[PDB]
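Listed below, chain by chain, are the residues.
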Amino acid sequence: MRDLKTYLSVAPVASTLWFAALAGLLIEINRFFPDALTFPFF
Amino acid sequence: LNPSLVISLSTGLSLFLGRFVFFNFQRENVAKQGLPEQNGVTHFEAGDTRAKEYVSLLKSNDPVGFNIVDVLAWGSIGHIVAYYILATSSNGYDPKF
Amino acid sequence: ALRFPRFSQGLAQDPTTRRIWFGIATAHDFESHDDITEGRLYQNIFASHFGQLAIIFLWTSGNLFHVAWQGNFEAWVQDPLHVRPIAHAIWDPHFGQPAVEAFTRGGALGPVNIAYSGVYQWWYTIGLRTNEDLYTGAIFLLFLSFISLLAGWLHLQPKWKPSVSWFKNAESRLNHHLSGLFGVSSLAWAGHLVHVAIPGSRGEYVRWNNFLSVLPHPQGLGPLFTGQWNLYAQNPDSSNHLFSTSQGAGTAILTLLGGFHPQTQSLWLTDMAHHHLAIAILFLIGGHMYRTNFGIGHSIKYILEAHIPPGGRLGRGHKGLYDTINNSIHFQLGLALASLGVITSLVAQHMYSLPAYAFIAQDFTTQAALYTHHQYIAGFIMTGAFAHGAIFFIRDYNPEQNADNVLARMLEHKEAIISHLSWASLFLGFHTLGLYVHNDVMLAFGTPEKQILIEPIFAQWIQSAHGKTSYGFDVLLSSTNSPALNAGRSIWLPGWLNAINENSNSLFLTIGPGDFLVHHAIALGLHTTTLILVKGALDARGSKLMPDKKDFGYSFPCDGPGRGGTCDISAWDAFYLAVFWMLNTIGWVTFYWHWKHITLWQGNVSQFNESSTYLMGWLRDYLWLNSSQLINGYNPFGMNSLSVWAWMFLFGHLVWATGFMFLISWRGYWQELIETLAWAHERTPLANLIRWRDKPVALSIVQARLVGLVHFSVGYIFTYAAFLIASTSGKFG
Amino acid sequence: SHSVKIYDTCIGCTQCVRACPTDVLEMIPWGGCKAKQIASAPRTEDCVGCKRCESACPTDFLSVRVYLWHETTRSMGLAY
Amino acid sequence: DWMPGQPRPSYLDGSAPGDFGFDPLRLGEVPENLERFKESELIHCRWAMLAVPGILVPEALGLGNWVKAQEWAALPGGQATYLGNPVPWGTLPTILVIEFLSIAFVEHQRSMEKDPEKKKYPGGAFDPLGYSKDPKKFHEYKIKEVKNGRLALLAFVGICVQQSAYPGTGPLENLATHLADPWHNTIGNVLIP
Amino acid sequence: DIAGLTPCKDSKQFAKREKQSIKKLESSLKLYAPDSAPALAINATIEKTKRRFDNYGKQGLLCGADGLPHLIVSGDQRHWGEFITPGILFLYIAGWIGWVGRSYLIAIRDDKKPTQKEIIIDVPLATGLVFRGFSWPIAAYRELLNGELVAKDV
Amino acid sequence: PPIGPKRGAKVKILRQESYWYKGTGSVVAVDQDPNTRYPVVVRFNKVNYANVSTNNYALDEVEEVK
Ligand code: CLA
Ligand code: CLA
Ligand code: CLA
Ligand code: CLA
Ligand SMILES: CC1=C(/C=C/C(C)=C/C=C/C(C)=C/C=C/C=C(C)/C=C/C=C(C)/C=C/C2=C(C)CCCC2(C)C)C(C)(C)CCC1
Ligand code: SF4
Ligand code: SF4
Ligand code: SF4
Ligand SMILES: [Ca+2]
């Protein structure tokens, strides 16, 4: 548990989880505001 | 317009300037800059026989030291600007405001 | 001595084949020869310069003689646009009958080569008309090269050899080279253009036997001395003028028009005469700067030492630079190579946009060949400039004599320079590649409008400032009440604005987003090549991985496998690595130029404008598309005149590929293979009766890197030249 | 013949001597350190230029340096 | 002090005529540059103090502005005009070269001195009235001089940038259009168009 | 207009591209059941394509001779949405990332085994540190003014 | 009277052929012996390229820093 928490924070696993979260975020963002070549709000 | 008028006048003015106005300045600058040197010696003192200053023709009888090569330089300047004046005075060019 | 090579005792005692190899590859490194002094070094350099001059003159006269003998000149001057120029005849006993019939072009009586050097247009522009002219020229050049050899010999005995003191006289040499080598030469060329070429472009045939009988101007030399110089421009050639005929010709010898000749699409001859005259005047006046035996002028050393900024941001300024430049031959060579390379690529950029020779703008593949040739040469020269900078820093740099001047302060903050060069190249690479890949994906998914096209608005604005009127910016020279446009409106602006706003030439081609992307590829190439070279130069004297590199020389294998491994740690290895990037960047440059022009020459510029923004466009619409005739040079159904290129094209692919061997496989492998080969030879009957005299060894480490680089670059040059000449020559447009 | 030099930063560890394939180096008395020993190179005519000795030097920078030089058949390690 | 509450540069104590401790770029850090700087500042100030009356008073009279008054030369048959009279030696080249060698002679004569205080304050033939008799009335005259001169430099740079803002207009014309409607004819419309 | 380009909404090649694009998808919809899963998916992307073209038209993009929306980066205020405001957003996000990383590196530099906290992230410390990136611009400005952003001594 | 910096000090390196040149290290021991040309022994927090973290130096090569 403590050691599982440690292993889940080793560099490869920390980075894969981080990048999976980032990928999910970007994917959803472009799923809501697709085909965006500019910033049209202000 | 009269080319010879202008050439003689301009080179005479340049020579007057060189002998009576900028002489001392040019002399002190040529003194403080000195002879070119390689490795601390002048070019003649390093073994170059051809790089010896021509002390015979450089000495002159002018009260201040005006000699052949400086009349050459000043007069050539006078001629250059005289011909510039002639050429541009009859090129017929005109800009516009 | 007692063996080849004699300039080296350490190599002469080498019992292996290495002695031969290295014996050849260090022949001109005079500073590393046995019993070398400074006098020997300088005198050998002088003599070999004379030898190189002899080689150059022999080469150009070989060109002239062959064009005169087996050429096409007299027929070509009659109709420059509808006949192909011949370089020389072909005699190849390996040729077949259909090859003989296929190569007989240009109206010749046998197989010939078609010239793409552009010597026909050059010689036609300057005045040569008949074969007798070319024969006299070739004979004169043979004479000149013989005299060059005679001088090279004469200045090698005692009795005539100069002292090192003479070679280091910088002020007088600069005086002469500026005023005499550049000034009087340019003045004489203006004289030839005024006396021979300008009349030759109006019908008259001025030659040696009559040039004292012909006035170049109706009022010869009166205007010059009376001051009324304008009389030498009072009647230019009318704009409906056939080149070597008097139909529509004038009498002006000097002028400033700026446009092109309407028929030939090249610069006016009188404009070039005036240009050479003007720059001759400038060089002559500027060559009286430095002090010599006459007690006036400048002392370069004093000017250098006087340029030190108070506030000490530059340390000691340039104090001590005269002596480190005058005593270092590698510093001088690096400066010469740098300036020469920059002006070489300047030549390349100016010769395609402002052509000087008649009917060369309409010979497209001559244009392409000239551009690519000069750009590759400029790239090699730049790499050499940096290599000799590094060699200087190792061999001729003296730290204590250069205490705190600009050179030492360059050396002492090398980390900042290298890190920032690396940042710039990382930024450019990341973003240029990223934009290209984004576009490629956008077009793979079938959505053209989802691309990230950036308009090169700064270059378009500059083009507008020169007078182009296709982007509607209305700046200088494309304004209407500007001082710039009004001030030259009567001298050269008419012709200039007429030529720039014409869109059938190459003077300031229209640019779009593809031009933006490829220019940033160019910028990345330049920055990365300079990163490699500058890192090699500033790290030549030692780094943290090897602090004592300077006493190992310029080129060495490595520093063993210790401390993590030190493969390719020399500065020679940095040069070796930078040549790859030089080749790559010049490749990008020449690809860009060739594709833009090959689409402009077909009136299909939209093809480039649209397919240049993604790399599949470059692959398919440029490489795969323009390569059909070339690879069809010969096929199972016969061959045509392109076969020689189709062959060379594959040749360059082979060479390139074998260059990979020497670059990937390393020495140990080959050495052990060679040793078992030696066993095999010594152990076999009827052949152990024959014995080698040098023990066979695998190539050295540095030698192998050199051989692989040579193979790589030769293959590169050959395959690209084949493709370029075959793809432009096939369409001839 | 390659040229091997020993510099006075030598701590006389002798790891390099125990590393060389051709018995070029040696240990000799000295007084400049706590081992009273320093490395000598009396037989550099047998040095192959392998530079194992440099990878065994624990000093910084190295105290044993091999400068490759003119090649012999001994230097090139050729058995034919 | 040029800015109350700001420490002074060490090399600028306050004895020199006109020293108010202004040197944000620290250009006068090295004393032998500061000497030349004092000299050049005085020369500039004197030129501009002479120039600004010459820019203003002819336009105050019925003549063209300072830039209109120097544009006949841009036309081939250029002929000057002083007070409404065509000067005889009025063409461009005569004017140009007489001005050239006149100024060159006098300027060389000026920099052929190595006092270096008479370099800025030569006096003698240039002090007919002899206002340099009292060494402290002299000092406050020095202060008044460099003060008025800095003001005149300011006024001149203002004149020329106003000219670049309203091309073909004179400074008094600008004063006139400002007085015509002060609340609407100001720098505002040239800062925010 | 700028660089000779024309407003895509009024361009003809931009429209022609839109109609051509929309045309091919419609063909893919055919030869299947009118209300099938694949047909429904093709319809969805057709509407998506129409929305993208109308969105491009609405945002006032510049179209060349090929009808492709070119991007102006010179600084013209009619076009900041194309490069400059996205650029400011990027610089903000990248400064966030870099500042958080630098903050973390500085915080863990004081242990005996600092490499241990680099191959194995201290996630509690990292989560304490991540949100300082929000104010990273002010913090970095005041660190530069303080003189503590750049290491002296090097 | 001992020689060189005291034990445990913080000294800056001045030998430019050293990996830690212009860096800092902690003194471990300076032999009081004469006859030794490099008495100071310095330990660093970073290995060099040879994976070594201690080195001997002469008294002039080290310079006690703050
Ligand atoms: C197509 C081949 C290729 C490519 C892409 C590169 C690319 C690069 N070279 Mg290189 N080079 C090459 C061939 C190549 N080289 C060859 C044949 C030689 C001769 C041996 C050299 C010799 C050479 C030298 C000597 C140097 C470089 C340098 C560089 C870098 C320059 C900086 C830059 O442009 O930013 C980046 C450009 C890129 C193209 C990187 C794009 C890759 C992206 C980031 C992939 C993104 C990953 C993505 C998320 C998915 C990953 C997949 C997953 C499995 C992980 C760059 C990464 C210089 C350098 O180091 O710069 C400081 C350097 O000094 N090169
Ligand atoms: C005015 C130009 C110039 C001059 C005078 C020199 C002069 C010199 N160079 Mg240098 N150099 C130059 C330009 C020049 N270089 C350029 C442009 C480059 C970039 C390519 C270099 C890169 C360079 C390097 C990397 C080195 C030198 C070195 C040297 C020194 C010894 C050269 C030597 O003798 O090796 C012997 C000559 C050869 C080995 C040439 C034979 C092999 C060539 C390269 C192959 C030719 C290609 C092939 C035959 C043609 C294709 C075959 C066919 C199918 C068409 C010498 C003083 C060397 C040196 O010692 O530094 C001090 C050194 O290492 N140069
Ligand atoms: C007026 C006197 C004079 C003249 C004419 C020369 C002339 C020359 N000297 Mg010399 N020299 C002189 C005085 C003079 N020197 C003195 C007083 C000294 C004592 C200090 C020396 C010491 C000296 C040394 C040590 C050396 C020379 C060398 C040379 C040769 C230079 C190499 C070369 O030919 O490249 C040609 C250069 C040009 C043609 C001009 C440059 C053109 C530029 C680069 C570009 C042109 C662009 C244009 C478009 C070209 C058209 C192309 C198209 C036609 C195809 C050259 C012929 C070198 C040599 O001897 O080589 C054998 C050399 O080693 N000189
Ligand atoms: C296209 C590039 C290329 C070429 C031509 C070769 C060629 C060769 N490789 Mg190599 N290799 C390459 C790439 C290449 N390699 C690369 C990139 C690598 C890195 C992985 C390697 C790694 C490698 C290894 C590890 C080995 C080889 C070996 C060999 C040799 C195999 C024996 C043989 O085939 O005899 C015949 C020669 C040929 C087929 C070459 C073509 C012969 C031409 C067509 C004949 C023309 C003759 C002509 C008339 C000459 C006269 C011209 C005159 C003007 C002088 C051979 C010469 C092996 C070897 O050494 O063999 C014992 C070996 O072990 N290669
Ligand atoms: C390594 C080394 C070296 C080498 C180096 C090099 C190689 C360098 C270079 C460099 C380069 C290669 C450079 C270049 C340059 C250029 C420039 C810098 C430019 C320019 C210009 C300008 C400024 C312009 C202007 C103009 C005009 C005039 C008109 C029109 C407009 C314009 C703007 C265009 C040496 C030996 C020395 C030393 C040692 C180290
Ligand atoms: S170049 Fe060869 S010998 Fe040198 S370190 Fe690399 S692998 Fe070892
Ligand atoms: S190079 Fe090799 S053989 Fe020579 S001393 Fe070093 S380890 Fe021994
Ligand atoms: S390994 Fe280095 S320090 Fe140790 S004995 Fe050998 S040469 Fe001396
Ligand atoms: Ca054009």
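Residues numbered from 1 in each chain as written, not as in the entry; some residues may be left out. Chains lettered and ligands numbered in written order. Part of a larger assembly, values for the part shown. Heavy atoms only, no water. Residues with missing side-chain atoms left out of burial classes, pairs and counts.

Caption draft 1: Molecular detail of the overall build of chain A. On a plain count of helices and strands, chain A comes out with two helices and zero strands. Expressed along its principal axes, the backbone C-alpha trace of chain A runs to roughly 50 × 15 × 15 Å. In chain A, buried positions account for 14% of the 42 residues. Split by element, the accessible area of chain A, about 3600 Å² in all, is 73% carbon and sulfur. (Helix = DSSP H or I, 4+ residues; strand = E, 2+ residues; numbered from the N terminus. Buried < 20%, exposed > 50% of the residue type's maximum accessible area, 1.4 Å probe, protein only. Areas by Shrake-Rupley, 256 points an atom, 1.4 Å probe, with all protein chains shown as cover.)

Caption draft 2: Quick look at the overall build of chain F. Within chain F, the regular secondary structure consists of six helices and three strands. At 26 Å, chain F has a C-alpha radius of gyration far larger than the 15 Å of a compact globule built from 154 residues. For chain F, long-range pairs separated by at least 24 residues make up 61% of all intrachain contacts whose partners lie at least 6 apart in sequence. (Rg over C-alpha atoms; globule rule 2.2 N^0.38 Å. Contact = heavy atoms within 4.5 Å.)

Caption draft 3: Spatial organisation of the site of ligand 5. Residue and element names in this part refer to chain C. In the vicinity of ligand 5, the contacting residues are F331, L335, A338, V342, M382, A385, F386, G389, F392 and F393. Among the secondary structure elements, those contributing two or more residues to the shell around ligand 5 are α14 (329-353) and α15 (364-395). No other element matches the six residues that α15 contributes to the shell around ligand 5. Partitioning the shell around ligand 5 into residue classes produces nine nonpolar, one polar and no charged. (Near = heavy atom within 4 Å. Nonpolar A, V, L, I, M, F, W, Y, C, P; charged D, E, K, R; others polar.)

Caption draft 4: Structural context of the coordination of the calcium ion (ligand 9). Surrounding the calcium ion (ligand 9) are the protein donor atoms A499 of chain C (O), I500 of chain C (O), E502 of chain C (O), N505 of chain C (OD1) and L507 of chain C (O), at 1.9 to 3.1 Å. In the primary sequence, the donor residues of the calcium ion (ligand 9) line up as A-I-x1-E-x2-N-x1-L. (Donors = N, O, S within 2.8 Å, 3.2 Å for Na, K, Ca; no water.)

Caption draft 5: Representation of the interface of chain B and chain E. On the side of chain E, ten residues touch chain B, which itself brings eight residues to the contact. Taken together, the two surfaces of chain B and chain E that pack against each other cover about 890 Å², and 76% of this comes from carbon and sulfur. Viewed at the interface, chain E and chain B are joined by zero salt bridges. The tally of links between chain B and chain E comes to one residue pair in polar contact. In terms of residue class, the side of chain B that touches chain E is built from six nonpolar, no polar and two charged. (Buried area = accessible area lost by both parts, 1.4 Å probe. Salt bridge = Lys/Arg side-chain N within 4 Å of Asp/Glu carboxyl O. Polar contact = N/O pair within 3.5 Å; in protein donor to acceptor, adjacent residues only side chain to side chain.)

Caption draft 6: Spatial organisation of the nonpolar core. With 75 residues, the main nonpolar core has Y120, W123, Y124, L134, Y554, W618 and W645 of chain C as its most contacted residues. For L134 of chain C, the contacting residues outside a window of four places in its chain are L64, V67, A68, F73, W123 and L128 of chain C. (Core = buried A, V, L, I, M, F, W, Y, C linked by side-chain atoms within 4.5 Å.)

Caption draft 7: Local environment of the state of the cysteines. By the definition in use, this model includes one disulfide over all chains. Linked covalently through their sulfurs, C8 of chain F and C63 of chain F form a disulfide whose S-S length is 2.0 Å. Here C8 of chain F and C63 of chain F share a disulfide; its torsion about the S-S bond, 100°, makes the bridge right-handed. Here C8 of chain F, found in the loop between β1 (6-7) and α1 (13-29), pairs with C63 of chain F, found in strand β2 (residues 62-63); they are 55 residues apart in sequence, far enough to count as distant. You'll find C8 of chain F and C63 of chain F in the same group, each marked buried. With no disulfide of its own, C45 of chain E lies closest to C160 of chain E among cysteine sulfurs, the gap being 15 Å. (Disulfide = S-S within 2.5 Å.)

Caption draft 8: Main features of the pairing of strand β3 (residues 40-43) of chain G. Residues and elements named next belong to chain G. On β3, burial follows the alternation: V40 and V42 on one face are buried, whereas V41 and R43 on the facing-out side are not. Inspection of the sheet shows strand β2 (residues 24-30) paired to β3 by four bridges, in the antiparallel sense. Across the sheet, the residue bridging to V30 is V40, located in β3. Relative to strand β4 (residues 54-57), β3 runs antiparallel, the two being bridged by four bridges. (Pairing = 2+ DSSP bridges.)

Caption draft 9: Spotlight on the interface of chain C and chain B. Chain C puts 34 residues into the contact, and the matching count from chain B is 33 residues. Both faces considered, chain C and chain B share a buried interface measuring about 2800 Å² in area, 52% of it formed by carbon and sulfur atoms. Sorting the residues of chain C by area buried against chain B places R291, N293 and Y302 of chain C first, and these three jointly supply 23% of that buried surface. Counting across the chain C and chain B interface gives two salt bridges. Summed over the shared surface of chain C and chain B, the number is 15 residue pairs in polar contact. The set of elements that each furnish at least two residues to the side of chain C that touches chain B consists of α8 (164-167), α9 (170-200), α10 (222-226), α12 (300-306), α13 (321-326) and α19 (483-487) of chain C. Of the residues assigned to the side of chain C that touches chain B, the class counts are 13 nonpolar, 16 polar and five charged.

Caption draft 10: Region of interest: the site of ligand 3. Residues and elements named next belong to chain C. The full set close to ligand 3 counts 14 residues, and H49, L53, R173, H176 and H177 are the nearest of them. Between ligand 3 and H49, the relevant distance is 2.8 Å, taken from an oxygen atom to a side-chain nitrogen or oxygen of the residue. Contacts to ligand 3 include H177, whose side-chain N or O atom sits 3.2 Å from a nitrogen atom. Within the residue set of the shell around ligand 3, elements represented by two or more residues are α3 (38-69) and α9.

Caption draft 11: Main features of the arrangement of the chains. The interface with the highest contact count, out of nine pairs of chains in contact, is the one between chains B and C. Without any contact between them, chain B and chain D keep their closest C-alpha atoms 33 Å apart. Contact between chain E and chain F is absent, and the least distance between their C-alpha atoms amounts to 15 Å.

Caption draft 12: Structural view of the pattern of salt bridges. Counted by the stated rule, this structure contains 48 salt bridges over all chains. Between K450 of chain C and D35 of chain A there is a salt bridge; the shortest N-O distance is 3.1 Å. Here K450 of chain C, found in the loop between α17 (414-444) and α18 (457-465), pairs with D35 of chain A, found in the segment after α2 (11-32), and the two come from separate chains. Accessibility expressed as a relative area gives 18% for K450 of chain C, which makes it buried. Overall, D35 of chain A belongs to the buried group, its relative accessible area being 10%. A salt bridge links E37 of chain B to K301 of chain C, with the shortest nitrogen-to-oxygen separation between them at 3.0 Å. In this pair, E37 of chain B is assigned in strand β1 (residues 37-38) and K301 of chain C in helix α12, connecting two distinct chains. Each of the salt bridges in this network shares a partner with another, and the network as a whole consists of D548, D559 and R563 of chain C together with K51, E54 and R65 of chain D.

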